[PDB]
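Chemist: My questions will all concern the structure given below.
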Amino acid sequence: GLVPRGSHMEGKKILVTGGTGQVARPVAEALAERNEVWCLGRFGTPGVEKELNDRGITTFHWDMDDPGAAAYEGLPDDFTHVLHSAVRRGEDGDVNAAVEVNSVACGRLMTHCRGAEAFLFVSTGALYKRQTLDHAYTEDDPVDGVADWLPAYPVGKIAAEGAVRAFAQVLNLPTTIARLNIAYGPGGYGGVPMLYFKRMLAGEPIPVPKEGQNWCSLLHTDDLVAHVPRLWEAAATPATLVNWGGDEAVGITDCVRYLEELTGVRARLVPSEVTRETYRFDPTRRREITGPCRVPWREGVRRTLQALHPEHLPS
Ligand SMILES: NC(=O)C1=CN([C@@H]2O[C@H](COP(=O)(O)OP(=O)(O)OC[C@H]3O[C@@H](n4cnc5c(N)ncnc54)[C@H](OP(=O)(O)O)[C@@H]3O)[C@@H](O)[C@H]2O)C=CC1
Ligand SMILES: [Cl-]
Ligand SMILES: [Cl-]
């Protein structure tokens, strides 16, 4: 029951992109104990590269905005496992840059790592065509590129998924495409739940629907980290597609109310026609691959608050 995080996988050589980010940093940190881990990125945030190096992570400058093959000189080709979590996604409305940069980076990275045992590409649930608020989306539900908040983002992921599927087959590189739901946890900035809390602190409106509430499938960092080795094991040619979320249906308003409950901070719920969109996933396929999640969301969110905003909790 008490098992160290680093024991999920040992003796491998792991390439991680997006290793500074919300999703992949805890993964790289967890695997760095018993594996050789390289993080590819830009490391523009002061001190993050030092923090990763201090854990025994080898860091390697890698910018997806560089279109050429020269960017890969000096990078080993004997990685056994790859986690591609970085996303080139800088608001400018430039859908062509988003499609081009992300798609080409997938191709160049998979080709470089064509000898790997498994390649894991992180995608998003935002590319599902909106059905009902409470619908539990499956891997076969219709897809569109609609996102009012960030239009180029889901379109770029559709294009990147296309590249990933094609290179998986051409290279015979076992691959998993994991469309991630909302990740959260005590590291980084805490995920969407803490973004809501920040708005509550600032007195900013939180749109909610006229009837009911929005729904998601929150995934805690500790569960996310446990899942990565199982997602690599499920990698295949053709690529394995899975909706990657938690085991609990989490109402967004329920989450906001819980933050109020914990802190005494009041949310300004605005019943509204137009709300920021979230998606709940049917966990059936993911559970077949990973087994059940372990962290219930109310305890996870409470401890995330304690880690990132301890002063706003009753003392
Ligand atoms: N809740 C969530 O977090 C969700 C995440 N996802 C997906 O999960 C993945 C990781 O997301 P998340 O951790 O939240 O992202 P973050 O915004 O936390 O981090 C983005 C990451 O992308 C890297 N990156 C961005 N631009 C470049 C570039 N030009 N060259 C190299 N690296 C770059 C950054 O590296 P550096 O700092 O070195 O620049 C950083 O590590 C993405 O594919 C995203 O679409 C999907 C749904 C929800
Ligand atoms: Cl640094
Ligand atoms: Cl974008």
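Labeling convention for the structure tokens: chains A, B, ... as they appear, residues from 1 per chain, ligands from 1 in order of appearance.
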May I have a table of the residues of chain A lying at most 8 Å from ligand 2, giving each one's closest pair of atoms and their distance in Å to one decimal, counting only C-alpha atoms and all ligand atoms, ordered by chain and ascending residue number, as a tab-separated table?
Modeler:
residue	atom	partner	partner_atom_place_in_ligand_line	distance
A:43	CA	ligand 2	1 (Cl)	7.3
A:45	CA	ligand 2	1 (Cl)	7.4
A:46	CA	ligand 2	1 (Cl)	4.9
A:47	CA	ligand 2	1 (Cl)	3.4
A:48	CA	ligand 2	1 (Cl)	5.2
A:49	CA	ligand 2	1 (Cl)	4.4
A:50	CA	ligand 2	1 (Cl)	4.4
A:51	CA	ligand 2	1 (Cl)	7.3
Chemist: How close does segment 85-168 of chain A get to segment 70-81 of chain A? List, as a Markdown table, each residue of segment 85-168 of chain A within 6 Å, its nearest atom pair and the distance in Å to one decimal, counting only C-alpha atoms.
Modeler:
| residue | atom | partner | partner_atom | distance |
| --- | --- | --- | --- | --- |
| A:113 | CA | A:77 | CA | 5.9 |
| A:116 | CA | A:80 | CA | 4.3 |
| A:117 | CA | A:80 | CA | 5.1 |
| A:118 | CA | A:81 | CA | 5.1 |
Chemist: Could you write out, as number ranges by chain, all the residues of segment 4-249 of chain A that DSSP marks as alpha helix (DSSP H)?
Modeler: A: 24-31, 48-54, 95-112, 152-171, 192-202, 221-233
Chemist: Mind running chain A against ligand 3 at 8 Å and telling me each contacting residue's nearest atom pair with the distance in Å (one decimal), counting only C-alpha atoms and all ligand atoms, chain and number ascending, as JSON lines?
Modeler:
{"residue": "A:88", "atom": "CA", "partner": "ligand 3", "partner_atom_place_in_ligand_line": "1 (Cl)", "distance": 6.6}
{"residue": "A:89", "atom": "CA", "partner": "ligand 3", "partner_atom_place_in_ligand_line": "1 (Cl)", "distance": 3.4}
{"residue": "A:90", "atom": "CA", "partner": "ligand 3", "partner_atom_place_in_ligand_line": "1 (Cl)", "distance": 4.8}
{"residue": "A:91", "atom": "CA", "partner": "ligand 3", "partner_atom_place_in_ligand_line": "1 (Cl)", "distance": 5.1}
{"residue": "A:92", "atom": "CA", "partner": "ligand 3", "partner_atom_place_in_ligand_line": "1 (Cl)", "distance": 7.1}
{"residue": "A:93", "atom": "CA", "partner": "ligand 3", "partner_atom_place_in_ligand_line": "1 (Cl)", "distance": 6.8}
{"residue": "A:94", "atom": "CA", "partner": "ligand 3", "partner_atom_place_in_ligand_line": "1 (Cl)", "distance": 7.3}
{"residue": "A:95", "atom": "CA", "partner": "ligand 3", "partner_atom_place_in_ligand_line": "1 (Cl)", "distance": 7.0}
{"residue": "A:98", "atom": "CA", "partner": "ligand 3", "partner_atom_place_in_ligand_line": "1 (Cl)", "distance": 5.5}
{"residue": "A:150", "atom": "CA", "partner": "ligand 3", "partner_atom_place_in_ligand_line": "1 (Cl)", "distance": 6.5}
{"residue": "A:151", "atom": "CA", "partner": "ligand 3", "partner_atom_place_in_ligand_line": "1 (Cl)", "distance": 7.2}
{"residue": "A:152", "atom": "CA", "partner": "ligand 3", "partner_atom_place_in_ligand_line": "1 (Cl)", "distance": 4.7}
{"residue": "A:153", "atom": "CA", "partner": "ligand 3", "partner_atom_place_in_ligand_line": "1 (Cl)", "distance": 4.4}
{"residue": "A:156", "atom": "CA", "partner": "ligand 3", "partner_atom_place_in_ligand_line": "1 (Cl)", "distance": 7.3}
Chemist: What do you get as a PyMOL selection string if you pick all residues at most 8 Å from ligand 1, counting only C-alpha atoms and all ligand atoms?
Modeler: chain A and resi 17-25+40-45+62-66+84-90+121-126+153+157+179-184+188+191-192
Chemist: Any chance you could export the current selection's C-alpha atoms as a PDB file, in the first residue's frame?
Modeler:
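Result saved to out-v4.pdb:
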ATOM      1  CA  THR A  17       9.144  17.093 -23.629  1.00  0.00           C
ATOM      2  CA  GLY A  18       7.092  19.606 -21.707  1.00  0.00           C
ATOM      3  CA  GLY A  19       9.097  18.688 -18.595  1.00  0.00           C
ATOM      4  CA  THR A  20       8.642  22.169 -17.109  1.00  0.00           C
ATOM      5  CA  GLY A  21       4.858  22.015 -17.444  1.00  0.00           C
ATOM      6  CA  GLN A  22       1.909  21.051 -15.267  1.00  0.00           C
ATOM      7  CA  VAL A  23       1.559  17.541 -16.660  1.00  0.00           C
ATOM      8  CA  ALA A  24       5.015  16.194 -17.409  1.00  0.00           C
ATOM      9  CA  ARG A  25       7.169  17.785 -14.689  1.00  0.00           C
ATOM     10  CA  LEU A  40      13.808  18.654 -23.863  1.00  0.00           C
ATOM     11  CA  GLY A  41      12.645  22.240 -23.755  1.00  0.00           C
ATOM     12  CA  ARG A  42      13.460  25.917 -23.626  1.00  0.00           C
ATOM     13  CA  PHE A  43      13.506  26.389 -19.810  1.00  0.00           C
ATOM     14  CA  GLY A  44      12.694  30.094 -20.006  1.00  0.00           C
ATOM     15  CA  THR A  45      11.378  30.209 -16.431  1.00  0.00           C
ATOM     16  CA  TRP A  62      14.933  22.040 -27.771  1.00  0.00           C
ATOM     17  CA  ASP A  63      12.598  24.610 -29.348  1.00  0.00           C
ATOM     18  CA  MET A  64       9.714  23.387 -31.484  1.00  0.00           C
ATOM     19  CA  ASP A  65       9.761  26.735 -33.323  1.00  0.00           C
ATOM     20  CA  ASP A  66      13.021  25.611 -34.934  1.00  0.00           C
ATOM     21  CA  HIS A  84       5.667  14.100 -25.769  1.00  0.00           C
ATOM     22  CA  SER A  85       3.790  16.621 -23.633  1.00  0.00           C
ATOM     23  CA  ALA A  86       5.065  19.961 -24.948  1.00  0.00           C
ATOM     24  CA  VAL A  87       2.593  22.006 -26.957  1.00  0.00           C
ATOM     25  CA  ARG A  88       3.385  25.029 -29.108  1.00  0.00           C
ATOM     26  CA  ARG A  89       0.376  27.119 -28.301  1.00  0.00           C
ATOM     27  CA  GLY A  90       0.949  30.853 -28.171  1.00  0.00           C
ATOM     28  CA  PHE A 121       1.560  11.678 -27.113  1.00  0.00           C
ATOM     29  CA  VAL A 122      -0.583  13.863 -24.847  1.00  0.00           C
ATOM     30  CA  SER A 123      -3.661  15.275 -26.574  1.00  0.00           C
ATOM     31  CA  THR A 124      -6.799  16.985 -25.266  1.00  0.00           C
ATOM     32  CA  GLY A 125     -10.520  16.456 -24.811  1.00  0.00           C
ATOM     33  CA  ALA A 126     -11.220  19.909 -26.230  1.00  0.00           C
ATOM     34  CA  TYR A 153      -5.524  24.791 -29.906  1.00  0.00           C
ATOM     35  CA  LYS A 157      -4.090  18.762 -31.784  1.00  0.00           C
ATOM     36  CA  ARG A 179      -6.474  12.775 -24.738  1.00  0.00           C
ATOM     37  CA  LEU A 180      -6.008  14.376 -21.324  1.00  0.00           C
ATOM     38  CA  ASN A 181      -8.819  15.819 -19.211  1.00  0.00           C
ATOM     39  CA  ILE A 182      -8.177  18.422 -16.486  1.00  0.00           C
ATOM     40  CA  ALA A 183      -4.960  17.680 -14.574  1.00  0.00           C
ATOM     41  CA  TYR A 184      -4.413  19.102 -11.096  1.00  0.00           C
ATOM     42  CA  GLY A 188       3.194  24.106 -10.510  1.00  0.00           C
ATOM     43  CA  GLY A 191      -4.253  23.219 -12.421  1.00  0.00           C
ATOM     44  CA  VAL A 192      -7.690  24.542 -13.305  1.00  0.00           C
TER      45      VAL A 192
END
Chemist: Figure out the distance between atom CA of residue 295 of chain A and atom CA of residue 247 of chain A, please, to one decimal in Å.
Modeler: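 Atom-to-atom, atom CA of residue 247 of chain A and atom CA of residue 295 of chain A are spaced 9.3 Å apart.
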Chemist: Which one is closest to residue 301 of chain A: A:289, A:259, A:267, A:231? Count only C-alpha atoms.
Modeler: A:259
Chemist: For segment 142-147 of chain A, work out the shell of residues within 7 Å, counting only C-alpha atoms and skipping chain neighbours fewer than 4 positions away, then give it as a list in words.
Modeler: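 These residues fall inside the cut-off: residues 126, 127, 128, 129, 151, 154 and 155 of chain A.
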Chemist: Would you work out the distance separating atom CA of residue 168 of chain A from atom CA of residue 103 of chain A, expressed in Å to one decimal?
Modeler: 13.2 Å
Chemist: Which of segment 112-228 of chain A end up as strand (DSSP E) when DSSP is run on this backbone - answer as a list in words?
Modeler: residues 118, 119, 120, 121, 122, 123, 124, 136, 137, 175, 176, 177, 178, 179, 180, 183, 184, 206, 207, 208, 209, 215, 216, 219 and 220 of chain A
Chemist: Please, could you write that set of residues out with C-alpha atoms as a PDB file, in the first residue's frame?
Modeler:
ATOM      1  CA  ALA A 118       6.869   3.220 -26.734  1.00  0.00           C
ATOM      2  CA  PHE A 119       5.856   6.776 -27.598  1.00  0.00           C
ATOM      3  CA  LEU A 120       3.166   8.585 -25.584  1.00  0.00           C
ATOM      4  CA  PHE A 121       1.560  11.678 -27.113  1.00  0.00           C
ATOM      5  CA  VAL A 122      -0.583  13.863 -24.847  1.00  0.00           C
ATOM      6  CA  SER A 123      -3.661  15.275 -26.574  1.00  0.00           C
ATOM      7  CA  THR A 124      -6.799  16.985 -25.266  1.00  0.00           C
ATOM      8  CA  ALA A 136     -19.472  11.172 -20.823  1.00  0.00           C
ATOM      9  CA  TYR A 137     -17.312  11.341 -23.952  1.00  0.00           C
ATOM     10  CA  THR A 175       2.310   4.691 -29.771  1.00  0.00           C
ATOM     11  CA  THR A 176      -0.435   5.784 -27.401  1.00  0.00           C
ATOM     12  CA  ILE A 177      -2.470   8.943 -27.946  1.00  0.00           C
ATOM     13  CA  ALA A 178      -3.894   9.994 -24.570  1.00  0.00           C
ATOM     14  CA  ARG A 179      -6.474  12.775 -24.738  1.00  0.00           C
ATOM     15  CA  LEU A 180      -6.008  14.376 -21.324  1.00  0.00           C
ATOM     16  CA  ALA A 183      -4.960  17.680 -14.574  1.00  0.00           C
ATOM     17  CA  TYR A 184      -4.413  19.102 -11.096  1.00  0.00           C
ATOM     18  CA  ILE A 206     -17.071  32.532 -12.711  1.00  0.00           C
ATOM     19  CA  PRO A 207     -19.554  31.725 -15.500  1.00  0.00           C
ATOM     20  CA  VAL A 208     -21.846  28.753 -14.883  1.00  0.00           C
ATOM     21  CA  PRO A 209     -24.692  27.425 -17.048  1.00  0.00           C
ATOM     22  CA  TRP A 215     -18.572  18.599 -15.751  1.00  0.00           C
ATOM     23  CA  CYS A 216     -15.039  17.243 -16.005  1.00  0.00           C
ATOM     24  CA  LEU A 219      -7.007  13.687 -12.854  1.00  0.00           C
ATOM     25  CA  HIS A 220      -4.658  14.098  -9.904  1.00  0.00           C
TER      26      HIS A 220
END
